[PDB]
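data.csv, holding CSV, C-alpha atoms:
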```
chain,number,residue,atom,x,y,z
A,50,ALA,CA,122.6,134.0,-78.6
A,51,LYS,CA,119.1,134.6,-80.0
A,52,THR,CA,118.7,131.5,-82.3
A,53,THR,CA,119.1,129.0,-79.5
A,54,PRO,CA,116.0,128.0,-77.5
A,55,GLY,CA,115.8,126.8,-73.9
A,56,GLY,CA,117.1,123.5,-72.5
A,57,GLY,CA,113.9,122.5,-70.7
A,58,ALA,CA,113.0,122.5,-67.0
A,59,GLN,CA,115.3,121.5,-64.1
A,60,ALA,CA,114.0,120.7,-60.6
A,61,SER,CA,115.0,123.5,-58.3
A,62,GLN,CA,114.1,122.3,-54.8
A,63,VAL,CA,111.4,120.4,-52.9
A,64,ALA,CA,110.5,122.7,-50.1
A,65,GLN,CA,109.2,121.8,-46.6
A,66,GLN,CA,106.4,124.3,-46.0
A,67,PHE,CA,106.1,124.7,-42.3
A,68,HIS,CA,102.7,126.2,-41.8
A,69,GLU,CA,100.9,125.4,-38.6
A,70,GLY,CA,98.6,122.4,-38.8
A,71,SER,CA,95.3,121.8,-37.1
A,72,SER,CA,94.8,120.2,-33.7
A,73,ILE,CA,92.8,117.2,-32.6
A,74,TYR,CA,91.8,116.6,-29.0
A,75,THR,CA,92.5,113.5,-27.0
A,76,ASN,CA,91.9,114.9,-23.5
A,77,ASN,CA,95.1,113.0,-22.5
A,78,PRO,CA,97.8,114.8,-20.6
A,79,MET,CA,100.6,112.9,-22.3
A,80,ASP,CA,99.6,114.4,-25.7
A,81,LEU,CA,101.5,117.7,-26.3
A,82,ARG,CA,101.5,120.2,-29.1
A,83,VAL,CA,103.6,123.2,-29.9
A,84,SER,CA,101.2,126.0,-30.7
A,85,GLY,CA,103.3,128.4,-32.8
A,86,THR,CA,107.1,128.2,-33.4
A,87,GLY,CA,109.2,125.4,-31.9
A,88,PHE,CA,110.2,121.8,-32.0
A,89,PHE,CA,110.4,119.1,-29.4
A,90,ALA,CA,113.8,117.4,-28.8
A,91,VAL,CA,114.0,113.6,-28.7
A,92,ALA,CA,117.0,111.5,-28.0
A,93,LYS,CA,117.6,108.1,-29.4
A,94,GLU,CA,119.4,106.9,-26.3
A,95,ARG,CA,118.6,107.8,-22.7
A,96,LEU,CA,122.2,108.5,-21.6
A,97,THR,CA,123.4,110.6,-24.5
A,98,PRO,CA,121.1,113.7,-25.1
B,50,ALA,CA,97.5,137.2,-40.5
B,51,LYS,CA,94.3,138.5,-42.1
B,52,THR,CA,93.6,135.8,-44.7
B,53,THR,CA,93.5,133.0,-42.2
B,54,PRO,CA,90.3,132.2,-40.3
B,55,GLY,CA,89.9,130.6,-36.9
B,56,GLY,CA,90.6,127.1,-35.8
B,57,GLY,CA,87.4,126.3,-33.9
B,58,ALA,CA,86.6,126.0,-30.2
B,59,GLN,CA,88.6,124.5,-27.4
B,60,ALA,CA,87.2,123.5,-24.0
B,61,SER,CA,88.4,126.0,-21.4
B,62,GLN,CA,87.3,124.5,-18.1
B,63,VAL,CA,84.3,122.9,-16.4
B,64,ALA,CA,83.5,125.1,-13.4
B,65,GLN,CA,82.0,123.9,-10.1
B,66,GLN,CA,79.4,126.6,-9.3
B,67,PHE,CA,79.0,126.8,-5.6
B,68,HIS,CA,75.9,128.8,-4.9
B,69,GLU,CA,73.9,127.5,-2.0
B,70,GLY,CA,71.2,124.9,-2.7
B,71,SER,CA,67.8,124.7,-1.2
B,72,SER,CA,67.3,122.9,2.1
B,73,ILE,CA,65.0,120.0,2.9
B,74,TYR,CA,63.7,119.3,6.4
B,75,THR,CA,63.9,116.0,8.2
B,76,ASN,CA,63.4,117.0,11.8
B,77,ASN,CA,66.3,114.7,12.7
B,78,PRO,CA,69.1,116.1,14.8
B,79,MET,CA,71.7,114.0,13.1
B,80,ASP,CA,71.1,115.8,9.7
B,81,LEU,CA,73.2,118.9,9.4
B,82,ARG,CA,73.5,121.7,6.9
B,83,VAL,CA,76.1,124.5,6.5
B,84,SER,CA,74.1,127.7,5.9
B,85,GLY,CA,76.7,130.0,4.2
B,86,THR,CA,80.4,129.5,3.6
B,87,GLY,CA,82.1,126.3,4.8
B,88,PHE,CA,82.5,122.6,4.4
B,89,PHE,CA,82.4,119.6,6.7
B,90,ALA,CA,85.5,117.6,7.2
B,91,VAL,CA,85.3,113.8,7.0
B,92,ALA,CA,88.1,111.3,7.5
B,93,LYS,CA,88.3,107.9,6.0
B,94,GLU,CA,90.1,106.2,8.9
B,95,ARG,CA,89.2,107.0,12.6
B,96,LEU,CA,92.7,106.9,13.8
B,97,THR,CA,94.2,109.1,11.1
B,98,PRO,CA,92.4,112.5,10.8
```

What is this file in structure tokens?
Amino acid sequence: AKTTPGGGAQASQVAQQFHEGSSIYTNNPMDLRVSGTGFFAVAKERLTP
Amino acid sequence: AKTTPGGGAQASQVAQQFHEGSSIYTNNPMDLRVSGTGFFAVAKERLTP
């Protein structure tokens, strides 16, 4: 138990840190941003959402 | 909450300040001015008002 050293390092997880990013301004009404928590929903095909 | 600084300045609105402007004098009866509150109404086509 005490005479055996460690077996190295194993990768645990690559996280996906979700802190809010900055904003740029295009003055274009079709450019939208979620200020705070939320995601847009986008459908590959028009019929099936 | 407290370790994060601000994100800059965002344009709020360009207002349209409506305080009365000064008047010039032409001594011509066809030149009109609205002293106080109100607008003239002008129509592009004579038939449609």

Could you write out chain B as a short mmCIF file (atom, residue, chain, number, x, y, z; two decimals) with C-alpha atoms, in the coordinates of the input once it has been least-squares superposed on chain A using every ordered C-alpha pair?
```cif
data_model
loop_
_atom_site.label_atom_id
_atom_site.label_comp_id
_atom_site.auth_asym_id
_atom_site.auth_seq_id
_atom_site.Cartn_x
_atom_site.Cartn_y
_atom_site.Cartn_z
CA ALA B 50 122.49 133.82 -78.45
CA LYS B 51 119.13 134.61 -80.06
CA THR B 52 118.69 131.62 -82.39
CA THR B 53 118.96 129.07 -79.65
CA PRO B 54 115.91 128.09 -77.59
CA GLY B 55 115.76 126.78 -74.05
CA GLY B 56 116.87 123.50 -72.66
CA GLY B 57 113.82 122.52 -70.60
CA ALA B 58 113.13 122.48 -66.87
CA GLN B 59 115.34 121.47 -64.01
CA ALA B 60 114.13 120.64 -60.49
CA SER B 61 115.09 123.49 -58.16
CA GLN B 62 114.23 122.19 -54.71
CA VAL B 63 111.46 120.43 -52.78
CA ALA B 64 110.48 122.79 -49.97
CA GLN B 65 109.19 121.74 -46.53
CA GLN B 66 106.31 124.20 -45.90
CA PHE B 67 105.97 124.69 -42.22
CA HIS B 68 102.67 126.39 -41.61
CA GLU B 69 100.89 125.15 -38.55
CA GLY B 70 98.49 122.21 -38.94
CA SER B 71 95.16 121.77 -37.32
CA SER B 72 94.94 120.24 -33.86
CA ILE B 73 93.00 117.19 -32.74
CA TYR B 74 91.85 116.67 -29.15
CA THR B 75 92.46 113.60 -27.07
CA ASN B 76 91.92 114.86 -23.56
CA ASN B 77 95.08 112.99 -22.55
CA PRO B 78 97.74 114.88 -20.66
CA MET B 79 100.53 112.94 -22.25
CA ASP B 80 99.66 114.34 -25.77
CA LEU B 81 101.39 117.61 -26.41
CA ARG B 82 101.32 120.19 -29.16
CA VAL B 83 103.58 123.21 -29.89
CA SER B 84 101.22 126.10 -30.71
CA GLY B 85 103.51 128.51 -32.69
CA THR B 86 107.23 128.37 -33.35
CA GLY B 87 109.30 125.50 -31.92
CA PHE B 88 110.11 121.85 -32.00
CA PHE B 89 110.40 119.08 -29.44
CA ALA B 90 113.72 117.49 -28.85
CA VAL B 91 113.94 113.69 -28.70
CA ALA B 92 117.02 111.58 -28.06
CA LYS B 93 117.58 108.10 -29.26
CA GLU B 94 119.61 106.88 -26.27
CA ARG B 95 118.70 107.92 -22.64
CA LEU B 96 122.21 108.32 -21.54
CA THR B 97 123.40 110.41 -24.46
CA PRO B 98 121.22 113.55 -25.01
#
```

Inset, instruction - Please identify every residue of chain B that has at least one atom no more than 10 Å from any atom of chain A, counting only C-alpha atoms, and report them as number ranges by chain. - result: B: 56-57, 59-60

Filtering to C-alpha atoms, could you give me those residues as a compact mmCIF listing (two decimals), keeping the file's coordinate frame?
```txt
# COMPACT_ATOMS: atom_id res chain seq x y z
CA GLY B 56 90.60 127.10 -35.80
CA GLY B 57 87.40 126.30 -33.90
CA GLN B 59 88.60 124.50 -27.40
CA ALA B 60 87.20 123.50 -24.00
```

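At a cut-off of 10 Å from (72.1, 127.8, 5.4), the residue set is residues 69, 70, 71, 72, 81, 82, 83, 84, 85 and 86 of chain B (counting all atoms listed in the file).
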
Inset, instruction - State, in Å with one decimal place, the distance from CA of residue 61 (chain B) to CA of residue 79 (chain A). - result: 17.9 Å

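Between CA of residue 80 (chain A) and CA of residue 58 (chain B) the separation is 18.0 Å.
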